[PDB]
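Undergrad: Contents of work_39.txt (compact mmCIF, C-alpha atoms) are below:
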```
# COMPACT_ATOMS: atom_id res chain seq x y z
CA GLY A 42 -5.27 23.23 -105.97
CA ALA A 43 -7.68 22.65 -103.08
CA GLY A 44 -10.59 20.33 -103.74
CA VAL A 45 -14.11 21.64 -103.14
CA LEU A 46 -16.55 19.51 -101.14
CA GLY A 47 -19.39 21.83 -100.12
CA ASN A 48 -21.71 19.57 -98.08
CA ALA A 60 -43.68 17.30 -90.68
CA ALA A 61 -42.87 16.01 -87.21
CA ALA A 62 -45.93 15.11 -85.15
CA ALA A 63 -46.49 17.11 -81.97
CA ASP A 64 -46.33 15.57 -78.52
CA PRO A 65 -49.69 14.68 -76.94
CA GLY A 66 -51.27 17.53 -75.01
CA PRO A 67 -53.60 20.53 -74.96
CA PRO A 68 -53.71 23.09 -77.80
CA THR A 69 -51.09 25.16 -75.94
CA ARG A 70 -47.97 24.12 -74.03
CA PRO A 71 -45.52 25.80 -71.67
CA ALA A 72 -42.03 26.29 -73.07
CA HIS A 73 -38.78 27.53 -71.53
CA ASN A 74 -36.82 30.57 -72.64
CA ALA A 75 -33.05 30.62 -72.32
CA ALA A 76 -31.60 31.54 -68.93
CA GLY A 77 -31.74 35.29 -68.38
CA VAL A 78 -34.88 35.92 -70.44
CA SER A 79 -37.78 37.53 -68.56
CA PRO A 80 -40.18 35.82 -68.16
CA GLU A 81 -38.64 32.34 -68.38
CA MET A 82 -41.88 30.50 -69.23
CA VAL A 83 -44.07 31.15 -72.27
CA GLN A 84 -47.26 29.49 -73.51
CA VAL A 85 -46.89 28.36 -77.13
CA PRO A 86 -49.37 26.81 -79.57
CA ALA A 87 -49.11 23.09 -80.20
CA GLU A 88 -49.54 23.71 -83.95
CA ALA A 89 -48.02 27.07 -84.87
CA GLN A 90 -49.07 27.87 -88.44
CA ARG A 91 -47.09 31.10 -89.06
CA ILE A 92 -43.55 31.04 -87.63
CA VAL A 93 -41.09 33.93 -87.77
CA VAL A 94 -37.55 32.70 -87.09
CA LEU A 95 -34.80 35.16 -86.15
CA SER A 96 -31.74 32.89 -85.86
CA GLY A 97 -30.08 30.61 -88.38
CA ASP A 98 -29.94 27.59 -86.11
CA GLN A 99 -33.68 27.73 -85.41
CA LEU A 100 -34.41 27.95 -89.13
CA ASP A 101 -32.26 24.83 -89.54
CA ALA A 102 -34.18 23.17 -86.68
CA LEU A 103 -37.55 23.82 -88.30
CA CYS A 104 -36.25 22.24 -91.52
CA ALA A 105 -34.98 19.18 -89.64
CA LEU A 106 -38.48 18.89 -88.13
CA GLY A 107 -40.17 19.22 -91.53
CA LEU A 108 -41.88 22.45 -90.45
CA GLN A 109 -40.43 24.76 -93.12
CA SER A 110 -43.79 25.21 -94.86
CA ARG A 111 -45.06 26.94 -91.70
CA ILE A 112 -42.31 29.58 -91.72
CA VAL A 113 -43.55 32.94 -92.99
CA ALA A 114 -40.35 34.99 -92.61
CA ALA A 115 -36.77 34.74 -91.40
CA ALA A 116 -34.16 37.27 -90.33
CA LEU A 117 -31.30 37.46 -92.80
CA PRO A 118 -27.65 36.77 -91.99
CA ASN A 119 -25.97 40.05 -91.10
CA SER A 120 -24.38 41.99 -93.99
CA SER A 121 -26.11 39.56 -96.37
CA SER A 122 -28.83 40.25 -98.94
CA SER A 123 -30.41 36.79 -99.18
CA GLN A 124 -31.59 33.85 -97.14
CA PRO A 125 -29.32 30.82 -96.68
CA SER A 126 -29.32 28.39 -99.58
CA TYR A 127 -28.12 25.15 -97.95
CA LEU A 128 -31.65 24.48 -96.61
CA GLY A 129 -33.42 24.43 -99.99
CA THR A 130 -35.43 26.80 -102.14
CA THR A 131 -38.43 27.15 -99.82
CA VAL A 132 -36.18 28.67 -97.15
CA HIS A 133 -34.19 30.64 -99.74
CA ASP A 134 -37.40 32.34 -100.91
CA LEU A 135 -38.55 33.31 -97.40
CA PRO A 136 -39.33 37.01 -96.91
CA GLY A 137 -36.88 38.88 -94.73
CA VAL A 138 -37.51 40.69 -91.46
CA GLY A 139 -34.28 42.62 -91.17
CA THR A 140 -31.07 40.91 -90.07
CA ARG A 141 -30.36 38.58 -87.18
CA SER A 142 -28.57 41.33 -85.24
CA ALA A 143 -31.24 43.95 -86.08
CA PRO A 144 -34.66 42.40 -86.78
CA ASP A 145 -37.34 44.68 -88.26
CA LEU A 146 -40.23 44.68 -85.79
CA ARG A 147 -42.66 46.30 -88.24
CA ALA A 148 -41.98 43.56 -90.78
CA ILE A 149 -42.30 40.92 -88.04
CA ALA A 150 -45.71 42.33 -87.11
CA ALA A 151 -46.60 42.44 -90.82
CA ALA A 152 -46.14 38.65 -91.05
CA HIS A 153 -48.84 38.20 -88.34
CA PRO A 154 -47.07 35.20 -86.79
CA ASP A 155 -48.43 32.90 -84.12
CA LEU A 156 -44.91 31.96 -83.00
CA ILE A 157 -41.61 33.87 -82.97
CA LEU A 158 -38.27 32.15 -82.44
CA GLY A 159 -35.18 34.16 -81.56
CA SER A 160 -31.96 33.98 -79.56
CA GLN A 161 -30.93 35.66 -76.31
CA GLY A 162 -27.40 35.62 -77.71
CA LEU A 163 -28.48 37.83 -80.63
CA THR A 164 -31.29 40.22 -79.59
CA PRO A 165 -31.82 40.08 -75.81
CA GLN A 166 -33.09 43.68 -75.72
CA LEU A 167 -35.92 42.85 -78.14
CA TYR A 168 -37.80 40.13 -76.24
CA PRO A 169 -40.64 42.23 -74.72
CA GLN A 170 -41.49 43.88 -78.05
CA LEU A 171 -41.51 40.51 -79.82
CA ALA A 172 -43.65 38.85 -77.13
CA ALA A 173 -46.25 41.61 -77.61
CA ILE A 174 -46.61 40.56 -81.27
CA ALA A 175 -46.89 36.80 -80.71
CA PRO A 176 -45.73 34.04 -78.35
CA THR A 177 -41.93 34.26 -78.48
CA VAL A 178 -39.28 31.74 -77.42
CA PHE A 179 -35.61 32.64 -77.12
CA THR A 180 -32.93 29.96 -77.15
CA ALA A 181 -29.31 30.44 -76.10
CA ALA A 182 -26.58 31.71 -78.41
CA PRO A 183 -25.90 29.52 -81.46
CA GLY A 184 -22.67 27.54 -81.53
CA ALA A 185 -21.32 24.51 -79.68
CA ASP A 186 -24.59 24.08 -77.75
CA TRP A 187 -26.62 23.63 -80.95
CA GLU A 188 -28.22 20.43 -79.63
CA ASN A 189 -29.57 22.29 -76.59
CA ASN A 190 -30.85 25.04 -78.89
CA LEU A 191 -32.56 22.36 -80.97
CA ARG A 192 -34.16 21.00 -77.79
CA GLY A 193 -35.52 24.48 -77.10
CA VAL A 194 -37.01 24.71 -80.58
CA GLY A 195 -38.56 21.30 -79.96
CA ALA A 196 -40.28 22.55 -76.81
CA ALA A 197 -41.26 25.80 -78.54
CA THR A 198 -43.01 23.82 -81.31
CA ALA A 199 -44.35 21.04 -79.03
CA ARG A 200 -42.05 18.51 -80.73
CA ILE A 201 -39.84 17.31 -77.87
CA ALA A 202 -40.18 13.65 -78.87
CA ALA A 203 -39.31 14.47 -82.49
CA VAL A 204 -36.19 16.40 -81.45
CA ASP A 205 -35.12 13.55 -79.15
CA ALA A 206 -35.18 11.18 -82.13
CA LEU A 207 -33.27 13.63 -84.34
CA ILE A 208 -30.55 13.95 -81.70
CA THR A 209 -30.39 10.20 -81.03
CA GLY A 210 -30.32 9.41 -84.74
CA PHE A 211 -27.60 11.99 -85.36
CA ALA A 212 -25.36 10.63 -82.59
CA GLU A 213 -25.62 7.10 -83.99
CA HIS A 214 -25.11 8.32 -87.56
CA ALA A 215 -22.06 10.40 -86.61
CA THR A 216 -20.48 7.56 -84.63
CA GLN A 217 -21.11 5.13 -87.49
CA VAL A 218 -19.42 7.46 -89.99
CA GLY A 219 -16.50 7.86 -87.59
CA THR A 220 -16.09 4.11 -87.13
CA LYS A 221 -16.27 3.29 -90.84
CA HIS A 222 -13.77 6.01 -91.80
CA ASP A 223 -11.39 5.58 -88.82
CA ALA A 224 -11.97 9.13 -87.62
CA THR A 225 -10.03 8.75 -84.35
CA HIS A 226 -6.79 8.27 -86.32
CA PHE A 227 -6.96 11.68 -88.04
CA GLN A 228 -6.45 15.22 -86.79
CA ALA A 229 -8.67 17.70 -88.63
CA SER A 230 -8.21 21.47 -88.78
CA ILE A 231 -11.05 24.01 -89.10
CA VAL A 232 -10.19 27.27 -90.85
CA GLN A 233 -12.34 30.18 -91.97
CA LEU A 234 -11.08 32.97 -94.20
CA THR A 235 -12.40 36.51 -93.98
CA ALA A 236 -11.50 39.43 -96.23
CA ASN A 237 -8.53 40.41 -94.05
CA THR A 238 -7.86 37.57 -91.59
CA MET A 239 -7.73 33.83 -91.13
CA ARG A 240 -9.68 32.27 -88.25
CA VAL A 241 -8.43 28.99 -86.79
CA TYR A 242 -11.20 27.40 -84.76
CA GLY A 243 -10.56 25.55 -81.52
CA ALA A 244 -12.61 22.88 -79.78
CA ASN A 245 -15.46 25.11 -78.51
CA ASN A 246 -17.73 26.09 -81.42
CA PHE A 247 -20.32 24.59 -83.76
CA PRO A 248 -18.11 22.63 -86.23
CA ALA A 249 -15.84 21.45 -83.42
CA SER A 250 -18.82 19.85 -81.65
CA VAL A 251 -19.77 17.98 -84.83
CA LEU A 252 -16.20 16.75 -85.38
CA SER A 253 -16.27 15.58 -81.76
CA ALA A 254 -19.50 13.66 -82.37
CA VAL A 255 -17.89 11.84 -85.29
CA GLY A 256 -14.78 11.18 -83.22
CA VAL A 257 -12.26 13.09 -85.32
CA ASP A 258 -9.18 14.29 -83.47
CA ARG A 259 -7.88 17.86 -83.54
CA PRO A 260 -4.30 19.14 -83.79
CA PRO A 261 -2.85 20.38 -80.48
CA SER A 262 -3.16 24.01 -81.61
CA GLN A 263 -6.94 23.63 -82.01
CA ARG A 264 -7.94 22.12 -78.66
CA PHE A 265 -8.42 25.43 -76.82
CA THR A 266 -11.88 26.23 -75.47
CA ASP A 267 -11.60 29.76 -74.00
CA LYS A 268 -12.68 31.34 -77.32
CA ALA A 269 -14.21 30.16 -80.58
CA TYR A 270 -11.16 30.85 -82.74
CA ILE A 271 -7.85 32.65 -82.97
CA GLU A 272 -7.35 35.21 -85.72
CA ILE A 273 -4.28 35.77 -87.91
CA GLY A 274 -3.87 38.73 -90.24
CA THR A 275 -3.73 37.93 -93.96
CA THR A 276 -3.41 41.34 -95.61
CA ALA A 277 -0.59 42.02 -98.07
CA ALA A 278 1.26 43.88 -95.31
CA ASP A 279 0.71 40.88 -93.04
CA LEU A 280 2.05 38.37 -95.57
CA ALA A 281 5.09 40.58 -96.18
CA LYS A 282 5.91 40.17 -92.46
CA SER A 283 6.44 36.38 -92.70
CA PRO A 284 3.42 35.17 -90.68
CA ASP A 285 3.10 31.65 -89.29
CA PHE A 286 0.07 29.55 -90.25
CA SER A 287 1.23 26.38 -88.48
CA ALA A 288 -1.75 26.50 -86.10
CA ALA A 289 -3.87 25.64 -89.16
CA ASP A 290 -1.97 22.44 -90.03
CA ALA A 291 -3.41 18.96 -89.46
CA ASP A 292 -3.83 15.67 -91.33
CA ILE A 293 -6.75 17.29 -93.19
CA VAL A 294 -7.81 20.94 -93.39
CA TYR A 295 -11.41 22.05 -93.90
CA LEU A 296 -11.52 25.66 -95.03
CA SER A 297 -14.54 27.90 -95.59
CA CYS A 298 -14.86 31.50 -96.73
CA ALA A 299 -16.92 33.96 -94.69
CA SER A 300 -17.86 36.17 -97.66
CA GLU A 301 -17.41 36.68 -101.39
CA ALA A 302 -14.48 39.03 -100.73
CA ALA A 303 -12.92 36.26 -98.64
CA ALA A 304 -13.45 33.81 -101.50
CA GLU A 305 -11.81 36.20 -103.96
CA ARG A 306 -8.70 36.34 -101.73
CA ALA A 307 -8.70 32.63 -100.81
CA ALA A 308 -6.39 31.63 -103.68
CA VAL A 309 -3.97 34.38 -102.59
CA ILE A 310 -3.58 32.88 -99.12
CA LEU A 311 -3.54 29.30 -100.45
CA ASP A 312 -0.68 30.34 -102.77
CA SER A 313 1.18 32.24 -100.04
CA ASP A 314 4.53 30.99 -98.81
CA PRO A 315 3.26 30.68 -95.18
CA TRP A 316 0.38 28.47 -96.30
CA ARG A 317 2.43 26.34 -98.70
CA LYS A 318 4.63 25.40 -95.72
CA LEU A 319 1.75 23.39 -94.22
CA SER A 320 2.02 19.61 -94.54
CA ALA A 321 -1.70 19.32 -95.29
CA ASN A 322 -1.20 21.56 -98.33
CA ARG A 323 1.79 19.54 -99.54
CA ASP A 324 -0.30 16.36 -99.22
CA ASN A 325 -3.27 17.86 -101.12
CA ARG A 326 -5.41 17.48 -97.98
CA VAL A 327 -6.90 20.99 -97.91
CA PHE A 328 -10.61 20.96 -98.77
CA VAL A 329 -12.81 23.99 -99.41
CA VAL A 330 -16.21 23.54 -97.76
CA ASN A 331 -19.50 25.44 -97.64
CA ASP A 332 -19.39 28.21 -95.02
CA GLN A 333 -23.15 28.00 -94.41
CA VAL A 334 -22.82 24.31 -93.52
CA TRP A 335 -19.68 24.63 -91.41
CA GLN A 336 -19.94 28.03 -89.71
CA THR A 337 -23.16 30.04 -90.01
CA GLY A 338 -26.05 27.55 -90.09
CA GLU A 339 -25.16 25.90 -86.78
CA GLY A 340 -27.98 23.37 -86.83
CA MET A 341 -28.92 19.73 -87.36
CA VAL A 342 -29.06 19.98 -91.16
CA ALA A 343 -25.72 21.80 -91.20
CA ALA A 344 -24.32 19.18 -88.80
CA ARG A 345 -25.27 16.41 -91.23
CA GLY A 346 -23.50 18.33 -93.99
CA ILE A 347 -20.32 18.45 -91.92
CA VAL A 348 -20.54 14.71 -91.20
CA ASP A 349 -20.83 14.16 -94.95
CA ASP A 350 -17.64 16.15 -95.54
CA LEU A 351 -15.88 14.24 -92.75
CA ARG A 352 -16.22 11.11 -94.91
CA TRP A 353 -13.04 12.33 -96.66
CA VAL A 354 -10.75 11.93 -93.63
CA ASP A 355 -9.61 8.48 -94.82
CA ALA A 356 -9.71 9.20 -98.56
CA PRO A 357 -6.51 8.67 -100.62
```
Would you give me this structure, written as structure tokens?

TA:
Amino acid sequence: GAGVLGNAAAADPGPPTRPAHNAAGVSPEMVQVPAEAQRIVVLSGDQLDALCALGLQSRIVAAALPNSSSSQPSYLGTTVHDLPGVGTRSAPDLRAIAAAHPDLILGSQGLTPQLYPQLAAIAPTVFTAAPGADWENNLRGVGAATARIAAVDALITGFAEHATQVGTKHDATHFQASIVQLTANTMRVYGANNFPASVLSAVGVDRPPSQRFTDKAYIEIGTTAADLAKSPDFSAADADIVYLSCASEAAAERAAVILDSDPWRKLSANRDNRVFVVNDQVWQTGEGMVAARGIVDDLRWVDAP
């Protein structure tokens, strides 16, 4: 009974190559990149999102797949969905990366730090920080890596204004929103330090007191049959509105079990029909500007009847 919601930039003036910064802890920290990279290999989901927000998706030649997955993300359109794979984000395939003969490689120090020297020997390589709450800084690093700092500045400025405008029109500050993600065996309740939390903050939506922690991304509650038969407490998940995504198909197949469970039916948001199923790629795994706009779109339901 839970409603389902789901959810080319011109280069800066300069020479044909530019210096760009790697994330802190990458050696070396500076890398010379082309001003107009024609064949980009992207190894992290947030950078793929960034290239789409910059209108550069037709220059991507391959992308690392989400781990345990067998396909590219679909929330970014068919051109990205059809991209060849180069292994997964946690284990990129260097032979396939070399086979794409890229002139630019984007990756993340939070995913494959050990791989940077081998990647840099194939093509100019830029590593951003780990994806998550700092997505806007990661976007800024993609902007420098593609010589599109001005373009990224406008995307960030336009997003902040757009998010604030949506929050004002829909009275976001008067609602506490909960962020929940189901896995096959557990329920994850996200706090205030992660990708979707930072987008809810940009819109101005409040969070329930149980979801304001910042020491970790989420807390995890068991949801197996043995767990449910031990009278668990899901009250950390309650709010005025609950946004719930499923981390996998097996999680989706068990979602209705948890939503029908006695511990979940105790939640006031469930009684009030204010639990909404949302796209996990938009809310959890994309972690970029296009995903962020999808979350803002879903947040338009905070003041719905």

Undergrad: Place a sphere of radius 10 Å on (-35.5, 16.6, -93.2) in the file coordinates and name every protein, DNA or RNA residue with an atom inside or on its surface, counting all atoms listed in the file; give the answer as a list in words.

TA: residues 60, 61, 101, 102, 103, 104, 105, 106, 107, 108, 109, 128, 207, 341 and 342 of chain A

Undergrad: So which one's closest to residue 141 of chain A, A:337, A:64, A:299, A:127? Using all atoms listed in the file, please.

TA: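 For residue 141 of chain A, the nearest of the given residues is A:337.
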
Undergrad: Out of A:241, A:288, A:75, A:329, which residue has the shortest atom-to-atom distance to residue 186 of chain A when counting all atoms listed in the file?

TA: A:75

Undergrad: Around all the atoms of segment 209-224 of chain A listed in the file, with 4 Å of room on each side, what axis-aligned box do you get, giving centre and edge lengths in Å to one decimal, as AutoDock Vina command-line options?

TA:
```
--center_x -20.9 --center_y 7.6 --center_z -86.4 --size_x 27.0 --size_y 16.7 --size_z 18.8
```

Undergrad: Quick one, how far is atom CA of residue 224 of chain A from atom CA of residue 338 of chain A?

TA: 23.3 Å

Undergrad: Do you know which residues lie at most 8 Å from (-9.7, 25.5, -75.3), with coordinates as in the file and all atoms listed in the file counted, and could you write them as a ChimeraX atom specification?

TA: /A:243-245,263-268

Undergrad: Could you check which of A:162, A:47, A:42, A:71 is closest to residue 295 of chain A, using all atoms listed in the file?

TA: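 Looking at the shortest contact to residue 295 of chain A, the residue is A:47.
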
Undergrad: For residue 212 of chain A, please output as a list in words all residues within 12 Å (counting all atoms listed in the file; exclusion window: fewer than 5 positions along the same chain).

TA: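 Neighbouring residues, sequence-local ones excluded: residues 188, 205, 206, 207, 217, 218, 219, 250, 251, 252, 253, 254, 255, 256, 341, 344, 345 and 348 of chain A.
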
Undergrad: If you measure from atom CA of residue 330 of chain A to atom CA of residue 191 of chain A, what distance in Å do you get, rounded to one decimal?

TA: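 It comes out at 23.5 Å.
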